[PDB]
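Working notes, structure below.
Number of protein chains: 2
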Amino acid sequence: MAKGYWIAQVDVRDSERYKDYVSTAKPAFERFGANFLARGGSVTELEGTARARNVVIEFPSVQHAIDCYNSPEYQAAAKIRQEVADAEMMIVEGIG
Amino acid sequence: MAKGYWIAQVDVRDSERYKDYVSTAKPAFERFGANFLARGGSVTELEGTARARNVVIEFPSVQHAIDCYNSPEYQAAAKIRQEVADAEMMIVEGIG
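Chains A and B supply the protein sequences, listed in that same order. Going by our numbering, the first residue of the first sequence is number 40, and it counts up by one from there. Going by our numbering, the first residue of the second sequence is number 40, and it counts up by one from there.
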C-alpha cells in the first residue's frame with residue numbers, strides 16, 4: 040500500500056484543554072500505527088500564512104489513517120479539539 | 040538532525056504550465072536531497088477545505104529545504120507556478 044499522510048494544521052485557542060485532546064487521542068494513534076514525522080515543530084512560512092501548530096503523521100495506509108480518524112476514541116478526542124482549536128485536517132495518499 | 044518537511048498545498052489553474060513548473064523545479068529538488076513522500080495524491084478531507092494538490096517533501100534538514108526554496112533555480116520555476124496557481128507553502132521541522 041501507499042502510506043497515508045495525516046496532516047493537521049492547528050491554531051490552539053485553549054492550551055490547557057488542548058493537552059486533554061492530545062492525551063485522549065494518543066491511544067487511537069497508537070492502535071492504528073501512527074508514525075509521527077512532525078508535531079508542532081519550527082515552521083518556516085515560505086508562501087502564505089501558516090497555522091502555528093503543524094502535524095504530519097505517516098500511517099501504513101490511507102485506510103489506517105481514515106479508520107483512526109473514525110475510531111470511537113479519536114472521535115471523542117476530536118470533540119475536545121474542535122471546541123479549543125481551529126484546524127484543517129486531511130489525509131493525502133503517499134506516492135505509489 | 041531533524042528532517043525538514045516542505046509542505047505545499049496548491050490549486051492549479053493551468054495544468055499545462057504547471058507541468059513546466061514541476062519539470063523546472065526538479066533539478067533544484069534533486070540538488071538538495073528532496074525525498075517526495077506525497078505528490079498530489081488523493082485527498083480525504085477530514086476537517087475544513089483542502090486544496091486539490093498537496094505535496095509533502097522530506098529533506099535531510101530544514102536548512103536543505105530552505106536553501107532549495109531560495110536557490111535561483113527553484114525561484115525561477117516558482118515564478119511560473121505563482122502565475123498559474125494559488126499555493127500555501129511551508130517547511131515544518133521533523134521530530135526532535
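Just so it is clear, CB atoms sit at the ideal spot from N, CA and C, and this is done for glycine as well.
**Item:** Of the listed residues A/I96, A/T63, A/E55 and A/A77, nearest to A/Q114 (C-alpha basis)
**Value:** On the first sequence, residue 114 of chain A is found 75 positions in, with the first residue counted as 1. Residue A/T63 is the option with its Cα nearest to A/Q114.
**Request:** Can you pull the chain B residues whose beta carbon is under 8 Å from the beta carbon of A/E122, in chain order?
**Result:** Looking up residue 122 of chain A in the first sequence gives position 83. Within 8 Å Cβ-Cβ: nothing; A/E122 doesn't reach chain B, min ~13 Å.
**Asked** Can you check whether the CB of B/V51 is closer than 7 Å to the CB of B/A124?
**Response** Numbered from 1 along the second sequence, position 85 holds the residue referred to as residue 124 of chain B. Numbered from 1 along the second sequence, position 12 holds the residue referred to as residue 51 of chain B. Yes. Within cutoff.
**Prompt:** What's the C-alpha gap between B/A77 and A/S54?
**Reply:** As a working mapping, residue 77 of chain B is identified with position 38 in the second sequence. As a working mapping, residue 54 of chain A is identified with position 15 in the first sequence. Distance from the CA atom of B/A77 to the CA atom of A/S54, rounded to whole angstroms, is 31 Å.
**Request:** Tell me where the alpha helix (DSSP H) around A/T63 begins and ends.
**Result:** The residue labelled residue 63 of chain A in the question sits at position 24 within the first sequence. That run of the alpha helix (DSSP H) goes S54 to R70.
**Message:** With the cut-off set at 7 Å, would you say B/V82 and B/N93 are in Cβ contact?
**Reply:** Start at 1 with the first residue of the second sequence, and residue 82 of chain B comes out as number 43. Start at 1 with the first residue of the second sequence, and residue 93 of chain B comes out as number 54. Cβ distance < 7 Å, so B/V82 and B/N93 count as in contact.
**Prompt:** Does B/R52 get closer than 7 Å to chain A when you measure Cβ to Cβ?
**Reply:** Numbered from its first residue, the second sequence carries residue 52 of chain B at position 13. Against chain A, the CB of B/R52 has no partner CB under 7 Å away; the residue lies outside that interface.
**Item:** B/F75: contacting residues in chain A (beta-carbon distance under 8 Å)
**Value:** Taking the first residue of the second sequence as 1, we reach residue 75 of chain B at position 36. Chain A residues near B/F75: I134.
**Prompt:** Got a sec, what are the start and stop residues for the beta strand (DSSP E) B/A47 sits in?
**Reply:** In the second sequence, residue 47 of chain B corresponds to position 8, counting from 1. Unbroken beta strand (DSSP E) run through B/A47: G43 to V51.
**Message:** Report the CB separation of B/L85 from A/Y108 in whole angstroms; it is logged as a contact under 8 Å.
**Reply:** Mapped onto the second sequence, residue 85 of chain B falls at position 46. Mapped onto the first sequence, residue 108 of chain A falls at position 69. B/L85 to A/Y108, Cβ: 6 Å. Contact.
**Asked** Which whole runs of the beta strand (DSSP E) in the segment 78-107 of chain A are 3 residues long or more, in chain order?
**Response** Listed in chain order, the beta strand (DSSP E) elements of length 3 or more contained wholly in the segment 78-107 of chain A are 82-86 and 92-98.
**Prompt:** How is A/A126 classed by DSSP in three states: helix, strand or coil?
**Reply:** Along the first sequence, one-based indexing puts residue 126 of chain A at 87. Looking at A/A126 - three-state DSSP - the assignment turns out to be strand.
**Message:** Below 9 Å on C-beta distance, what does A/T63 contact in chain B?
**Reply:** For the purposes of this step, residue 63 of chain A is taken as residue 24 along the first sequence, with counting starting at 1. Those within 9 Å of A/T63 in chain B number zero; the least Cβ separation is about 17 Å.
**Message:** According to DSSP, A/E132 sits in a beta bridge with which residue or residues?
**Reply:** Numbered from 1 along the first sequence, position 93 holds the residue referred to as residue 132 of chain A. Looking at the DSSP output, A/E132 shares a beta bridge with A/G43.
**Message:** Between B/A41 and B/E132, how many whole angstroms is the CB-CB distance? I'm expecting something under 8 Å.
**Reply:** Taking the first residue of the second sequence as 1, we reach residue 41 of chain B at position 2. Taking the first residue of the second sequence as 1, we reach residue 132 of chain B at position 93. In this structure B/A41 touches B/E132 by the C-beta definition: roughly 5 Å separates them, less than 8 Å.
**Prompt:** Is the Cβ of B/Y44 closer than 7 Å to any Cβ of chain A?
**Reply:** Here residue 44 of chain B is taken as the residue at index 5 of the second sequence, counted from 1. Taking CB atoms only, B/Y44 has a neighbour in chain A less than 7 Å away.
**Request:** Would you mind sorting B/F75 into buried or exposed? The rule is 16 or more other CB atoms within 10 Å of its CB.
**Result:** Here residue 75 of chain B refers to the residue found at position 36 of the second sequence. Burial call: exposed.
**Prompt:** Distance, Cα to Cα, B/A126 vs A/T88?
**Reply:** Residue numbering aside, residue 126 of chain B sits at position 87 when the second sequence is read from its first letter. Residue numbering aside, residue 88 of chain A sits at position 49 when the first sequence is read from its first letter. Per the coordinates, the alpha-carbon of B/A126 lies some 10 Å from the alpha-carbon of A/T88.
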